$ cat query_18.cif   # mmCIF, C-alpha atoms and all ligand atoms
data_run
#
loop_
_atom_site.label_atom_id
_atom_site.label_comp_id
_atom_site.auth_asym_id
_atom_site.auth_seq_id
_atom_site.Cartn_x
_atom_site.Cartn_y
_atom_site.Cartn_z
CA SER A 6 12.67 0.31 -9.71
CA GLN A 7 13.04 -3.26 -8.44
CA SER A 8 13.65 -1.82 -4.98
CA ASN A 9 10.02 -0.71 -4.72
CA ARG A 10 8.75 -4.08 -5.94
CA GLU A 11 10.58 -5.61 -2.97
CA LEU A 12 8.73 -3.38 -0.52
CA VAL A 13 5.37 -4.41 -1.97
CA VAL A 14 6.06 -8.14 -1.74
CA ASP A 15 7.36 -7.64 1.80
CA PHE A 16 4.50 -5.43 2.96
CA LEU A 17 1.89 -7.68 1.34
CA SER A 18 3.39 -10.79 2.95
CA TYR A 19 3.46 -9.10 6.35
CA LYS A 20 -0.21 -8.16 5.96
CA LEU A 21 -1.18 -11.72 5.02
CA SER A 22 0.96 -13.29 7.75
CA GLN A 23 -0.91 -11.13 10.27
CA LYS A 24 -4.14 -12.91 9.33
CA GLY A 25 -2.61 -16.39 9.56
CA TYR A 26 -2.09 -16.72 5.81
CA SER A 27 1.38 -16.83 4.26
CA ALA A 28 3.30 -16.05 1.07
CA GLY A 29 6.67 -15.21 -0.45
CA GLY A 30 8.03 -13.23 2.48
CA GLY A 31 10.64 -10.56 1.91
CA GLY A 32 11.96 -9.55 5.31
CA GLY A 33 15.65 -10.13 4.70
CA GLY A 34 16.03 -11.18 1.09
CA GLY A 35 17.00 -7.97 -0.65
CA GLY A 36 18.08 -4.75 1.02
CA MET A 37 16.38 -1.69 2.49
CA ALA A 38 15.69 -3.68 5.66
CA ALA A 89 15.15 -0.41 7.53
CA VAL A 90 12.60 0.84 5.00
CA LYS A 91 10.63 -2.41 5.16
CA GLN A 92 10.43 -2.30 8.96
CA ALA A 93 9.55 1.40 9.13
CA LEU A 94 6.84 0.71 6.55
CA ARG A 95 5.33 -2.29 8.34
CA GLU A 96 5.08 -0.28 11.56
CA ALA A 97 3.66 2.75 9.75
CA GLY A 98 1.02 0.49 8.23
CA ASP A 99 -0.09 -0.88 11.59
CA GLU A 100 -0.79 2.57 13.05
CA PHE A 101 -2.46 3.51 9.77
CA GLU A 102 -5.44 1.20 10.27
CA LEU A 103 -5.47 1.69 14.05
CA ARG A 104 -5.78 5.48 13.94
CA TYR A 105 -8.51 7.29 12.00
CA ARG A 106 -12.08 6.36 12.93
CA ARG A 107 -13.80 6.69 9.56
CA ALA A 108 -12.28 6.54 6.07
CA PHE A 109 -10.72 3.08 5.98
CA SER A 110 -13.29 0.32 6.51
CA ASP A 111 -15.60 1.77 3.86
CA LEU A 112 -12.84 2.77 1.44
CA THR A 113 -11.55 -0.80 1.20
CA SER A 114 -15.05 -1.79 0.08
CA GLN A 115 -15.07 0.88 -2.64
CA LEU A 116 -13.12 -1.55 -4.84
CA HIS A 117 -13.56 -5.32 -4.86
CA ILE A 118 -10.67 -6.84 -6.82
CA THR A 119 -11.98 -9.63 -9.05
CA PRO A 120 -10.60 -11.95 -11.77
CA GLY A 121 -12.39 -9.71 -14.25
CA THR A 122 -11.46 -6.39 -12.66
CA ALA A 123 -8.99 -4.31 -14.66
CA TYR A 124 -5.92 -2.35 -13.56
CA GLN A 125 -7.69 0.85 -14.60
CA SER A 126 -10.35 0.15 -11.98
CA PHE A 127 -7.67 -0.07 -9.29
CA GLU A 128 -5.82 3.03 -10.47
CA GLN A 129 -8.97 5.11 -10.04
CA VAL A 130 -9.11 4.20 -6.34
CA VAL A 131 -5.45 5.14 -5.92
CA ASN A 132 -5.89 8.45 -7.73
CA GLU A 133 -8.46 9.51 -5.14
CA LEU A 134 -5.94 8.78 -2.40
CA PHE A 135 -3.41 11.13 -3.99
CA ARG A 136 -5.79 13.69 -5.51
CA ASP A 137 -4.74 16.57 -3.26
CA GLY A 138 -1.02 16.01 -3.67
CA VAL A 139 1.35 13.36 -2.33
CA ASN A 140 3.12 12.85 1.00
CA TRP A 141 4.67 10.20 3.24
CA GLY A 142 1.42 10.16 5.20
CA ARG A 143 -0.71 9.21 2.20
CA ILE A 144 2.08 7.09 0.71
CA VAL A 145 1.49 4.51 3.44
CA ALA A 146 -2.20 4.46 2.52
CA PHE A 147 -1.33 3.10 -0.93
CA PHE A 148 0.19 0.00 0.65
CA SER A 149 -2.34 -0.42 3.46
CA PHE A 150 -4.96 -0.41 0.71
CA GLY A 151 -3.27 -3.11 -1.35
CA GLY A 152 -2.77 -5.42 1.60
CA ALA A 153 -6.46 -5.31 2.47
CA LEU A 154 -7.32 -6.36 -1.08
CA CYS A 155 -4.96 -9.34 -0.89
CA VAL A 156 -6.39 -10.47 2.45
CA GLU A 157 -9.87 -10.32 0.92
CA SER A 158 -8.88 -12.34 -2.15
CA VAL A 159 -7.57 -15.09 0.12
CA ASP A 160 -10.81 -15.16 2.12
CA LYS A 161 -12.65 -15.97 -1.11
CA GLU A 162 -10.16 -18.67 -2.08
CA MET A 163 -8.34 -16.52 -4.63
CA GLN A 164 -4.69 -16.31 -3.57
CA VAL A 165 -3.75 -16.25 -7.25
CA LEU A 166 -5.08 -12.68 -7.30
CA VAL A 167 -2.47 -11.72 -4.70
CA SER A 168 0.29 -11.86 -7.31
CA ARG A 169 -1.79 -9.58 -9.52
CA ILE A 170 -2.29 -6.92 -6.85
CA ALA A 171 1.47 -6.99 -6.26
CA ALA A 172 2.19 -6.17 -9.90
CA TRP A 173 -0.53 -3.53 -10.08
CA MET A 174 1.11 -1.83 -7.10
CA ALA A 175 4.64 -2.03 -8.48
CA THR A 176 3.51 -0.34 -11.69
CA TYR A 177 1.62 2.53 -10.07
CA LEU A 178 4.56 2.88 -7.69
CA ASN A 179 6.93 3.47 -10.61
CA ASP A 180 4.53 5.75 -12.50
CA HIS A 181 2.99 8.07 -9.90
CA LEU A 182 4.68 8.07 -6.49
CA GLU A 183 8.14 7.11 -7.75
CA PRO A 184 8.66 10.59 -9.30
CA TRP A 185 7.66 12.27 -6.03
CA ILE A 186 9.61 9.90 -3.77
CA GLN A 187 12.72 10.92 -5.71
CA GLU A 188 11.93 14.59 -5.09
CA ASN A 189 11.54 14.14 -1.33
CA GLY A 190 14.80 12.65 -0.10
CA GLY A 191 13.93 9.20 -1.41
CA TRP A 192 12.78 6.56 1.06
CA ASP A 193 15.74 7.12 3.39
CA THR A 194 13.83 10.19 4.56
CA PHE A 195 10.65 8.24 5.30
CA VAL A 196 12.63 6.16 7.80
CA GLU A 197 14.56 9.09 9.28
CA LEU A 198 11.29 10.89 9.98
CA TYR A 199 8.96 7.90 10.37
CA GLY A 200 10.71 4.72 11.44
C1 LIG A 301 3.86 9.51 13.67
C2 LIG A 301 3.07 8.40 12.95
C3 LIG A 301 3.73 7.02 13.11
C4 LIG A 301 1.59 8.39 13.39
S1 LIG A 301 0.42 7.32 12.45
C5 LIG A 301 -0.06 7.72 10.81
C6 LIG A 301 -1.16 8.59 10.57
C7 LIG A 301 -1.53 8.89 9.23
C8 LIG A 301 -0.80 8.32 8.15
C9 LIG A 301 0.30 7.45 8.40
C10 LIG A 301 0.67 7.15 9.74
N1 LIG A 301 3.11 8.68 11.51
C11 LIG A 301 2.65 9.78 10.68
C12 LIG A 301 2.00 10.92 11.25
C13 LIG A 301 1.56 11.97 10.43
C14 LIG A 301 1.77 11.89 9.05
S2 LIG A 301 1.24 13.16 7.99
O1 LIG A 301 2.26 13.38 6.80
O2 LIG A 301 0.91 14.51 8.74
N2 LIG A 301 -0.13 12.55 7.24
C15 LIG A 301 -1.31 12.40 7.83
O3 LIG A 301 -1.41 12.74 9.02
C16 LIG A 301 -2.44 11.84 7.03
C17 LIG A 301 -2.31 11.46 5.66
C18 LIG A 301 -3.40 10.93 4.95
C19 LIG A 301 -4.67 10.76 5.57
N3 LIG A 301 -5.82 10.17 4.81
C20 LIG A 301 -5.56 9.20 3.66
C21 LIG A 301 -6.58 9.20 2.50
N4 LIG A 301 -8.05 9.69 2.76
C22 LIG A 301 -8.98 8.52 2.91
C23 LIG A 301 -8.28 7.28 3.51
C24 LIG A 301 -8.02 7.28 4.89
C25 LIG A 301 -7.39 6.19 5.49
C26 LIG A 301 -7.03 5.08 4.73
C27 LIG A 301 -7.27 5.06 3.35
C28 LIG A 301 -7.90 6.15 2.72
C29 LIG A 301 -8.15 6.02 1.19
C30 LIG A 301 -8.66 4.82 0.71
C31 LIG A 301 -8.91 4.64 -0.65
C32 LIG A 301 -8.64 5.67 -1.55
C33 LIG A 301 -8.12 6.88 -1.09
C34 LIG A 301 -7.87 7.06 0.28
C35 LIG A 301 -8.25 10.64 4.01
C36 LIG A 301 -7.25 10.49 5.19
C37 LIG A 301 -4.80 11.16 6.95
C38 LIG A 301 -3.71 11.68 7.67
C39 LIG A 301 2.41 10.79 8.47
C40 LIG A 301 2.86 9.71 9.27
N5 LIG A 301 3.54 8.56 8.53
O4 LIG A 301 3.97 7.59 9.13
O5 LIG A 301 3.69 8.55 7.31
#
$ encode --input "query_18.cif" --output "structure tokens"
Amino acid sequence: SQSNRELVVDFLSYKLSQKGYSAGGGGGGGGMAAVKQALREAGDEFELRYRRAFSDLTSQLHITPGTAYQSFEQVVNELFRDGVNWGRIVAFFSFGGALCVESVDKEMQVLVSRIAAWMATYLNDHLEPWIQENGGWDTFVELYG
């Protein structure tokens, strides 16, 4: 669903903007303004909390011009290996943002667009099914937002 794609572009932009960088922002364009906000906030606390499992994980996969989508999907699978939930859902995004920020550091913003697509796909072929069977996103905001 295009809706999801909007969240990715928005979340990614917010993550990049936090490090000074910039990109095609999405905090107002489409709809689901509440979802975007609730997500951004949820992402912040994500990194903050949790001592281990975060700084090392990001290193597990180093997105590269040669890297394939299959290599990125494997990292995501591990995240949702013991089921799926709003808690882990945020991880998916927080993980993508980190990759984008890294690509920029190595003068590879072009990769950013790629990560965005890779996320949109997995989002509509793994979590999408679950999200629909959990009160959609509206619930994520009602509980966490
Ligand atoms: C109230 C508050 C606002 C507090 S902050 C918060 C805490 C946890 C999750 C979200 C928000 N939100 C809040 C509280 C509790 C909840 S909750 O549904 O009970 N969910 C959790 O507590 C929770 C979910 C997943 C977790 N890991 C992710 C993947 N693994 C490696 C791991 C750990 C960390 C990062 C990446 C990875 C990872 C990387 C690469 C591949 C796979 C996994 C191990 C650890 C740890 C805790 C959700 C939310 N939520 O917003 O969705």
$ residues_near_ligand --input "query_18.cif" --ligand "ligand LIG 301 (chain A)" --cutoff "8 Å" --atoms "only C-alpha atoms and all ligand atoms" --output "ChimeraX atom specification"
/A:94,96-98,100-102,104-105,107-109,112-113,115,130-135,140-147,149-150,195,199-200
$ write_last_selection --input "query_18.cif" --atoms "C-alpha atoms" --output "PDB file, in the frame of the given file"
ATOM      1  CA  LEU A  94       6.840   0.710   6.550  1.00  0.00           C
ATOM      2  CA  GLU A  96       5.080  -0.280  11.560  1.00  0.00           C
ATOM      3  CA  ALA A  97       3.660   2.750   9.750  1.00  0.00           C
ATOM      4  CA  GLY A  98       1.020   0.490   8.230  1.00  0.00           C
ATOM      5  CA  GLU A 100      -0.790   2.570  13.050  1.00  0.00           C
ATOM      6  CA  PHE A 101      -2.460   3.510   9.770  1.00  0.00           C
ATOM      7  CA  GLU A 102      -5.440   1.200  10.270  1.00  0.00           C
ATOM      8  CA  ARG A 104      -5.780   5.480  13.940  1.00  0.00           C
ATOM      9  CA  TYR A 105      -8.510   7.290  12.000  1.00  0.00           C
ATOM     10  CA  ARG A 107     -13.800   6.690   9.560  1.00  0.00           C
ATOM     11  CA  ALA A 108     -12.280   6.540   6.070  1.00  0.00           C
ATOM     12  CA  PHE A 109     -10.720   3.080   5.980  1.00  0.00           C
ATOM     13  CA  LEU A 112     -12.840   2.770   1.440  1.00  0.00           C
ATOM     14  CA  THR A 113     -11.550  -0.800   1.200  1.00  0.00           C
ATOM     15  CA  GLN A 115     -15.070   0.880  -2.640  1.00  0.00           C
ATOM     16  CA  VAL A 130      -9.110   4.200  -6.340  1.00  0.00           C
ATOM     17  CA  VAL A 131      -5.450   5.140  -5.920  1.00  0.00           C
ATOM     18  CA  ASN A 132      -5.890   8.450  -7.730  1.00  0.00           C
ATOM     19  CA  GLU A 133      -8.460   9.510  -5.140  1.00  0.00           C
ATOM     20  CA  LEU A 134      -5.940   8.780  -2.400  1.00  0.00           C
ATOM     21  CA  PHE A 135      -3.410  11.130  -3.990  1.00  0.00           C
ATOM     22  CA  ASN A 140       3.120  12.850   1.000  1.00  0.00           C
ATOM     23  CA  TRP A 141       4.670  10.200   3.240  1.00  0.00           C
ATOM     24  CA  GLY A 142       1.420  10.160   5.200  1.00  0.00           C
ATOM     25  CA  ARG A 143      -0.710   9.210   2.200  1.00  0.00           C
ATOM     26  CA  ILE A 144       2.080   7.090   0.710  1.00  0.00           C
ATOM     27  CA  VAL A 145       1.490   4.510   3.440  1.00  0.00           C
ATOM     28  CA  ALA A 146      -2.200   4.460   2.520  1.00  0.00           C
ATOM     29  CA  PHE A 147      -1.330   3.100  -0.930  1.00  0.00           C
ATOM     30  CA  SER A 149      -2.340  -0.420   3.460  1.00  0.00           C
ATOM     31  CA  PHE A 150      -4.960  -0.410   0.710  1.00  0.00           C
ATOM     32  CA  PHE A 195      10.650   8.240   5.300  1.00  0.00           C
ATOM     33  CA  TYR A 199       8.960   7.900  10.370  1.00  0.00           C
ATOM     34  CA  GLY A 200      10.710   4.720  11.440  1.00  0.00           C
TER      35      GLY A 200
END
$ closest_residue --input "query_18.cif" --among "A:125, A:119, A:22, A:92" --to "residue A:174" --atoms "only C-alpha atoms"
A:125
$ closest_residue --input "query_18.cif" --among "A:129, A:11, A:89, A:153" --to "residue A:114" --atoms "only C-alpha atoms"
A:153
$ closest_residue --input "query_18.cif" --among "A:181, A:117, A:136, A:20" --to "residue A:156" --atoms "all atoms listed in the file"
A:20
$ residues_around --input "query_18.cif" --residues "residue A:27" --least-positions-apart "2" --cutoff "12 Å" --atoms "only C-alpha atoms" --output "PDB file with C-alpha atoms, keeping the file's coordinate frame"
ATOM      1  CA  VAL A  14       6.060  -8.140  -1.740  1.00  0.00           C
ATOM      2  CA  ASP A  15       7.360  -7.640   1.800  1.00  0.00           C
ATOM      3  CA  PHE A  16       4.500  -5.430   2.960  1.00  0.00           C
ATOM      4  CA  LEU A  17       1.890  -7.680   1.340  1.00  0.00           C
ATOM      5  CA  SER A  18       3.390 -10.790   2.950  1.00  0.00           C
ATOM      6  CA  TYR A  19       3.460  -9.100   6.350  1.00  0.00           C
ATOM      7  CA  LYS A  20      -0.210  -8.160   5.960  1.00  0.00           C
ATOM      8  CA  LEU A  21      -1.180 -11.720   5.020  1.00  0.00           C
ATOM      9  CA  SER A  22       0.960 -13.290   7.750  1.00  0.00           C
ATOM     10  CA  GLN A  23      -0.910 -11.130  10.270  1.00  0.00           C
ATOM     11  CA  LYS A  24      -4.140 -12.910   9.330  1.00  0.00           C
ATOM     12  CA  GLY A  25      -2.610 -16.390   9.560  1.00  0.00           C
ATOM     13  CA  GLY A  29       6.670 -15.210  -0.450  1.00  0.00           C
ATOM     14  CA  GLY A  30       8.030 -13.230   2.480  1.00  0.00           C
ATOM     15  CA  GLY A  31      10.640 -10.560   1.910  1.00  0.00           C
ATOM     16  CA  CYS A 155      -4.960  -9.340  -0.890  1.00  0.00           C
ATOM     17  CA  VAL A 156      -6.390 -10.470   2.450  1.00  0.00           C
ATOM     18  CA  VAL A 159      -7.570 -15.090   0.120  1.00  0.00           C
ATOM     19  CA  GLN A 164      -4.690 -16.310  -3.570  1.00  0.00           C
ATOM     20  CA  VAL A 167      -2.470 -11.720  -4.700  1.00  0.00           C
TER      21      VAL A 167
END
$ atom_distance --input "query_18.cif" --atom1 "atom CA of residue A:161" --atom2 "atom CA of residue A:177"
25.0 Å
$ atom_distance --input "query_18.cif" --atom1 "atom CA of residue A:106" --atom2 "atom CA of residue A:90"
26.5 Å
$ atom_distance --input "query_18.cif" --atom1 "atom CA of residue A:183" --atom2 "atom CA of residue A:37"
15.8 Å
$ closest_residue --input "query_18.cif" --among "A:123, A:7, A:35, A:93" --to "residue A:192" --atoms "only C-alpha atoms"
A:93
$ closest_residue --input "query_18.cif" --among "A:33, A:28, A:103, A:95" --to "residue A:196" --atoms "all atoms listed in the file"
A:95
$ closest_residue --input "query_18.cif" --among "A:193, A:160, A:124, A:118" --to "residue A:38" --atoms "all atoms listed in the file"
A:193
$ build_atoms --input "query_18.cif" --residues "stretch 158-176 of chain A" --atoms "N, CA and C atoms" --output "compact mmCIF listing (two decimals), keeping the file's coordinate frame"
# COMPACT_ATOMS: atom_id res chain seq x y z
N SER A 158 -8.98 -11.34 -1.10
CA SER A 158 -8.88 -12.34 -2.15
C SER A 158 -8.68 -13.74 -1.56
N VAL A 159 -7.85 -13.82 -0.54
CA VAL A 159 -7.57 -15.09 0.12
C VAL A 159 -8.82 -15.65 0.80
N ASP A 160 -9.58 -14.76 1.43
CA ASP A 160 -10.81 -15.16 2.12
C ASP A 160 -11.78 -15.84 1.16
N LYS A 161 -11.77 -15.40 -0.10
CA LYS A 161 -12.65 -15.97 -1.11
C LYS A 161 -11.92 -16.99 -1.97
N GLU A 162 -10.94 -17.66 -1.37
CA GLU A 162 -10.16 -18.67 -2.08
C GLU A 162 -9.69 -18.15 -3.43
N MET A 163 -8.86 -17.11 -3.41
CA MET A 163 -8.34 -16.52 -4.63
C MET A 163 -6.95 -15.94 -4.41
N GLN A 164 -6.06 -16.75 -3.84
CA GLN A 164 -4.69 -16.31 -3.57
C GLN A 164 -3.99 -15.89 -4.86
N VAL A 165 -4.35 -16.55 -5.96
CA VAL A 165 -3.75 -16.25 -7.25
C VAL A 165 -3.83 -14.75 -7.55
N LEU A 166 -4.89 -14.11 -7.09
CA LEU A 166 -5.08 -12.68 -7.30
C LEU A 166 -4.00 -11.87 -6.59
N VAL A 167 -3.51 -12.40 -5.47
CA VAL A 167 -2.47 -11.72 -4.70
C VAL A 167 -1.34 -11.26 -5.60
N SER A 168 -0.80 -12.18 -6.40
CA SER A 168 0.29 -11.86 -7.31
C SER A 168 -0.07 -10.67 -8.19
N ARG A 169 -1.32 -10.65 -8.67
CA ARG A 169 -1.79 -9.58 -9.52
C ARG A 169 -1.69 -8.23 -8.81
N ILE A 170 -2.31 -8.15 -7.63
CA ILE A 170 -2.29 -6.92 -6.85
C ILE A 170 -0.86 -6.41 -6.67
N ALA A 171 0.07 -7.34 -6.44
CA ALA A 171 1.47 -6.99 -6.26
C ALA A 171 2.01 -6.25 -7.47
N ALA A 172 1.74 -6.79 -8.66
CA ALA A 172 2.19 -6.17 -9.90
C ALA A 172 1.53 -4.81 -10.11
N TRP A 173 0.22 -4.77 -9.92
CA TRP A 173 -0.53 -3.53 -10.08
C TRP A 173 0.05 -2.42 -9.21
N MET A 174 0.52 -2.79 -8.02
CA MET A 174 1.11 -1.83 -7.10
C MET A 174 2.47 -1.37 -7.59
N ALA A 175 3.30 -2.33 -7.98
CA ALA A 175 4.64 -2.03 -8.48
C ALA A 175 4.59 -1.02 -9.62
N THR A 176 3.67 -1.23 -10.55
CA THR A 176 3.51 -0.34 -11.69
C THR A 176 3.18 1.08 -11.24
